[PDB]
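Protein chains in written order, with the deposited numbering: chain Aq, 0 to 189; chain s, 2072 to 2166; chain Ae, 3023 to 3087.
Accompanying notes for the structure given below.
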Amino acid sequence: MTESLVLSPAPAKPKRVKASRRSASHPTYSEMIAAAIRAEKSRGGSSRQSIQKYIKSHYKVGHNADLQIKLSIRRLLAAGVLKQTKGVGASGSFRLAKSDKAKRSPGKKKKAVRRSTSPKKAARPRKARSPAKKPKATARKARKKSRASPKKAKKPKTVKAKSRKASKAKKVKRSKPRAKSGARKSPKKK
Amino acid sequence: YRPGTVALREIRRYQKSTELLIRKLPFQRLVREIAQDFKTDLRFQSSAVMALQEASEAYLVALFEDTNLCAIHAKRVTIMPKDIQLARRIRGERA
Amino acid sequence: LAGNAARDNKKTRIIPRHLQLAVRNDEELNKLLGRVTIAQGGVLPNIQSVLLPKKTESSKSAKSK
DNA sequence: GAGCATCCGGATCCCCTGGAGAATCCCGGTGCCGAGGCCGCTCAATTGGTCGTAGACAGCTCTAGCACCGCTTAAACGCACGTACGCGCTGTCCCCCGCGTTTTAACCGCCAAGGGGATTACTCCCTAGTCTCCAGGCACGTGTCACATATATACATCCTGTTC
DNA sequence: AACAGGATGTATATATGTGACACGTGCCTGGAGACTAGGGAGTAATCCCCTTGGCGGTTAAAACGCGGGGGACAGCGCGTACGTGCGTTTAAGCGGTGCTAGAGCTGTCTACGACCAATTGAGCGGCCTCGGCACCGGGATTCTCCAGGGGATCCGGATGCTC
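What follows is the structure, given as structure tokens:
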């Protein structure tokens, strides 16, 4: 812990702390890596260049951040807050431990049928003139539970019945007729 | 017949069977070739050639047995030129 | 010891194969001899566990190789 | 025109590069002083060397027949082509340690002497093998007959391995 | 969820030759017999040297837990490198002839056995003296700690859109 490493090069590091103002959302030094982690939007995670780009909006170009990132990753590993994926498909992709619980691997079918219906919902009205409406094709029950038509139909009735506000119920015949009006514009008839 | 697993079938047969694996006369002309440089017109009997062949076969088999264990040591299966270097030197032969 | 191998080998007369088998089987006999060459002795089966891919030849992750 | 979190260029600061003086360390290079190799006197049995003769192993001479270098076709093995996935090699960091740095004083270690037991010289006597000096039975070849299990074949019929 | 396909491993009786033994003769050499004979061992006294411990006095090698760097184990993966499938060709055995010397008969010389005394070597055997080795005081050698003006690249800040 020699002087040429504790006082000679130090002044740069304490001088630049907790000042990532340009990214207003969570500018804390410890939270930049984590903010990149939620912003990545991928199962594998963020690799080195991905995390560097996601952190880089301003205030960060890397005079010493290239090695400071490795040092912070070592600190986060000592804290046990990092979960990652190996392989050459993802060149050291990293994630923060966001309770995305690890479990046994086997049981990976080569399709995702439940989300396979979403692209068709995106495509069909968008291919039509009437743009993609609000997520009304399937309700919140779609990821509440996973059941067939009778159980996915009885529950919306309870959803609407438990909300007994007449004023709230008035909106279902004032926000929906907009679709009826737009059905005149997008197709020429019916 | 997968080539990797068929070789296992050969191992069972060749280990069970007892025979001279290398050709006789090509080995017989081989030992004669070496003798000429050492001593010109050095003759060989039938028994001498077979005795040399059997000793050579056993010596090569033992080296193959040792090099096989060198491959699994390196988390591998096939024999590479590095395997024969480690086995020979560690026996005190190469150096 | 060799004579017992002949019965296991479905043969009456002792062949050089049984001489190797008797010596190799007895570990004490290995110390006495075994750094030698036996004419037509053969080799005892010594298959290693690194071979024989008992697991399915398909890839661990999925069926595709 | 505003409000909010994604990018873009403005201006003030400090760590790469480099050459030394700071005072530490650890490691090389002279000083110093004991102990194991020598030199010189004697002390004597091993042990070469000498004097003088006798009993066999082995290079010549060459013999008689068996075991290898060519002859002479007849079958079967090995050698050669391509195509494919099994499996090197790279890239990468879980994650689990080998190594550095300090306590920590007890353990390895050498100094000044004795004893009881055990390993070589010296003397006596003794029972196997070892020349005499001959004898007879086993056990190895050369003919002469005559067989027994190994090594692969005809029928007849299941287990194993590697794909789709 | 599990059947097809072609060859290898099974029983079962079926052929052959070479490996094996049994006669019948024949003849040294390897065991056996039975004493006389000289030399390695059983068995008695002698004598110093070897190991077992007293018995203290510093000092350099263990014994152990914490720290922060990093290297072995292990995951996938795209492309390189080696073992099946099918074919003709030319390398291997036969196995009677023929031709070298290995191996086996004669008879003589030679260096090597063997008794018997003198005479140089070369450690013992207790007596003195010496030159490089090894321990121990001094500093020399790369890394380690400092002081300087500022610089180029960063952290500090300037600037962009649709209901």
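Each residue gets a CB set at the ideal place from its N, CA and C atoms; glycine is no exception.
Taking the C-beta atoms as reference points, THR2138/s is found no nearer than 9 angstroms to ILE2161/s. Among the bridge pairs identified by DSSP, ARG94/Aq is matched with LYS82/Aq.
In the DSSP assignment, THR137/Aq falls outside any alpha helix (DSSP H) and carries neither an H nor an E. Contact of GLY2075/s with chain Ae is assigned, a C-beta pair being separated by under 9 angstroms. Under the three-state reduction of DSSP, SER45/Aq is assigned to strand. DSSP lists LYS55/Aq as the bridge partner or partners of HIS57/Aq. Shown here, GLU2090/s sits in coil according to DSSP, grouped into three states, outside any helix or strand. In the DSSP annotation of this structure, the continuous segment of the alpha helix (DSSP H) that includes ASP2137/s starts and ends at 2117-2144. Selection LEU2113/s, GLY2075/s, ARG2073/s and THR2089/s evaluated against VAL2132/s yields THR2089/s as nearest (Cα-Cα). Distances from the alpha-carbon of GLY181/Aq to those of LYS153/Aq, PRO149/Aq and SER129/Aq put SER129/Aq closest. In the assembly as shown, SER92/Aq is a buried residue. Its beta-carbon has 16 or more other beta-carbons within 10 Å.
Rounded to the nearest whole angstrom, the CA to CA distance from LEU66/Aq to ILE36/Aq is 19 angstroms. Where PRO124/Aq is concerned, the enclosing alpha helix (DSSP H) starts and stops at 112-126. With contact defined as three or more Cβ pairs closer than 8 angstroms, the segment 36-51 of chain Aq and the segment 89-104 of chain Aq are in contact. Restricting attention to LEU3023/Ae, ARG3039/Ae, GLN3042/Ae and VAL3072/Ae, the CA atom closest to the CA of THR2076/s is found in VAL3072/Ae. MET2151/s is classed as exposed because its beta carbon has fewer than 16 other beta carbons within 10 Å across all chains shown. Taking a Cβ-Cβ cut-off of 7 angstroms, the neighbours of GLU2125/s in chain Ae comprise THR3059 and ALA3061, given in sequence order.
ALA2119/s has a beta carbon lying at 9 angstroms or more from every beta carbon in chain Ae.
The beta carbon of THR2089/s sits closer than 9 angstroms to some beta carbon of chain Ae. Excluding residues up to 5 positions away in sequence, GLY43, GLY44 and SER92 lie with their Cβ nearer than 7 angstroms to the Cβ of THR84/Aq in the same chain. Less than 9 angstroms separates the beta-carbon of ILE2093/s from that of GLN2124/s. DSSP places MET0/Aq outside both helix and strand once states are collapsed to three, so it counts as coil.
Selection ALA3061/Ae, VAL3045/Ae, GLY3064/Ae and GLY3063/Ae evaluated against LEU3055/Ae yields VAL3045/Ae as nearest (Cα-Cα). The closest CA to that of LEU3066/Ae, considering only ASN3052/Ae, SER3083/Ae, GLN3042/Ae and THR3078/Ae, is found on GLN3042/Ae.
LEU4/Aq and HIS62/Aq have their C-alpha atoms some 16 angstroms from each other. With a contact defined as Cβ atoms closer than 8 angstroms, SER117/Aq and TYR58/Aq miss out at about 37 angstroms. Counting the other CB atoms within 10 Å of its CB gives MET0/Aq a total below 16, which places it among the exposed residues. Around the C-beta of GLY106/Aq, fewer than 16 other C-beta atoms lie within 10 Å, and the residue is accordingly described as exposed. The DSSP-derived three-state label of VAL2148/s is coil. As the crow flies, the alpha-carbon of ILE3060/Ae is around 45 angstroms from that of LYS3082/Ae. Counting other Cβ atoms within 10 Å of its Cβ, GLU3049/Ae stays below 16 and is therefore classed as exposed.
Residues of the same chain with a CB within less than 6 angstroms of the CB of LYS140/Aq, apart from the 5 flanking positions on each side, are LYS151 and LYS154 in chain order.
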